[PDB]
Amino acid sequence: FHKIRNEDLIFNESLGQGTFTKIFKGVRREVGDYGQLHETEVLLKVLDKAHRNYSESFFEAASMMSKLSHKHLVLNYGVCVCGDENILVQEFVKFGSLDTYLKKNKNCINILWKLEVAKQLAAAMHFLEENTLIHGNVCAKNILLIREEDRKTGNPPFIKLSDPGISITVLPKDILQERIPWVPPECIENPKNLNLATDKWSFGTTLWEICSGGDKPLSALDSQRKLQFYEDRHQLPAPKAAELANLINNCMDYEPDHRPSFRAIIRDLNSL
């Protein structure tokens, strides 16, 4: 990772919190192409000082995202590890993450919008699958909206997949259980089972989010009941707009080896 000095970063408003992290809007002062000076809007993702012992996994997450370059993967600009800070500096995405956007625009997101976003996410995951690169935390909170749909010019929405954060292979068990049903059953059994099939399950859960208007699946269940949901081999209810429900359930297969390739997922989406 490129090293960015603290002096070149300005922290502005808080945008929220993640697992052992806090996120801010900020500005990066930099020399850009042709030697021009720029003040660039950035997302600043800060590891909590109390959780400094996760710094390797925290940065390994971003390192994953920058191993490869792709139009549907968030851009990491660098890191700031001056002083006692562990900061990831990322591109600033004006419209934020899809969990919020789906709730706020629930009245005007239709089947075609959801299909286009699902296709784009499946394209990103196919690229990761072809490169045998595990993401490990696919969810609507980690999908960023670069561009809104503009029917007046035909333009579809455009999304990117953000970094997974600290890996489920190192997080406390209680956090993994709270993350059912994004974390697949085999990873609740043994977080070391994380592998490419993990991301097919979580893609199903994310498609359920995209079809459910801001709702979080199983949010009414406490952690014990989420565990028992897996023990009883239940599936998520179909979204009211159920066009993708069979794909959701085929991806959320309790047998990891039976989950379909992202090539097959893409062919299924193109059939609709």
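Don't overthink the numbering: it's just position in the shown sequence, from 1. Take the two forms, find the largest set of C-alpha atoms that superpose within 1.5 Å, and that set is the rigid core.
- Between 60-68 and 25-33, the larger root mean square Cα shift in 4 other deposited structures of this protein, once each structure is superposed on the rigid core, falls on 60-68.
- A summary of the deposited B-factors shows that, of 206-214 and 55-63, the stretch with the larger mean C-alpha value is 55-63.
- Once the C-alpha B-factors are averaged per stretch, 152-160 and 169-177 rank with 152-160 first.
- Residue set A197, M125, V74, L112: peak C-alpha B-factor at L112 (per PDB entry).
- When the C-alpha B factors of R147, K141, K119, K104 are read from the deposited coordinates, the top value falls at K104.
- Ranked within its chain, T19 lands in the middle third, by CA B factor from the PDB record.
- When the CA B factors of the chain's modelled residues are split into thirds, the value for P239 lands in the middle one.
- Ranked by Cα temperature factor within the chain, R225 sits in the middle third according to the deposited record.
- Split the chain's modelled residues into thirds by C-alpha temperature factor. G78 is in the middle one.
- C108: CA B factor lies in the highest third for its chain, per the PDB record.
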